[PDB]
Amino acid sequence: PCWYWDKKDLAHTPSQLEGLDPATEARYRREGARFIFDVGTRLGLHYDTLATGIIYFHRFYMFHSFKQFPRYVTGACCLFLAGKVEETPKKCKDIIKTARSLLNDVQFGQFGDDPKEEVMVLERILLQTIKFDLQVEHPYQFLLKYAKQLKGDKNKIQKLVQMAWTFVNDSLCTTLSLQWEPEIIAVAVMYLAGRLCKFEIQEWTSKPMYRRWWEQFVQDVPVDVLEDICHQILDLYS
């Protein structure tokens, strides 16, 4: 299957056919992703499992609407399945306890009389919706592979990676994983890190005399795509 959209077609969700305005949808996406991130972090789950769950969450809502599927329940379901896929399984009872610890009485209301049942039921649908394409890769692994191949000041390179890492965490609140492959997100956060620290990254490559340092890691990425990804991530801090 193809899990990537133009920005034009992203604004045309099930939640938009059903009357929900874009600001609210974008808020429900951030709240949901952060919810997954917070629950998983509290359970000790690590960065790939959290990211897998958040991807499932973003994809799921390109086929269903928030008016029908309350977001915190869907989040808990995506994480539960991610744990199984990434071989870091957690019991559904523990995901609920942790969810409950982070939500308030109103928010947790979404889970209903039987919080566990509501999640198990949703797992059947989630799996159908993501077409059992369970394997997913994330930007972190490429951030590390690409950065490892730079040779030069280790402190500067480490600072770059560390900033770029945080920028990956931030990208997850957005629909960037539905627009671009993780390989590209990685290059972009490096590029962003590059700008803000004012590091010329080409100088740490084998070829200091080529501007487009990223071409050794991915082929064919226009600078305006990176700029675009940079602009979207920066919008979170405005």
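When you see a residue number, it is the position in the sequence shown, counting from 1. Take the two forms, superpose them, and find the largest set of C-alpha atoms that agree within 1.5 Å; that set is the rigid core.
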item: Core-aligned Cα RMS comparison in 4 other deposited structures of this protein - stretch that moves more, 35-43 or 202-210; value: 202-210
item: 185-193 set against 44-52, stretch whose average Cα temperature factor tops the other in the entry; value: 185-193
item: Greater mean Cα temperature factor according to the PDB record, 9-17 or 211-219; value: 211-219
item: Candidate set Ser177, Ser206, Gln68, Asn169 [ranked by C-alpha B-factor, highest]; value: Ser206
item: Out of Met62, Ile36, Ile201, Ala26, highest CA B-factor residue; value: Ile201
item: CA B-factor ranking of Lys90, expressed as a third of its chain; value: lowest
item: CA B-factor placement of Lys84, once the chain's modelled residues are sorted into thirds; value: lowest
item: Ranked against its chain, the third holding the CA B-factor of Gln149; value: highest
item: Third of the chain, ranked by Cα B-factor, where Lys116 sits; value: middle
item: CA B-factor ranking of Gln158, expressed as a third of its chain; value: highest
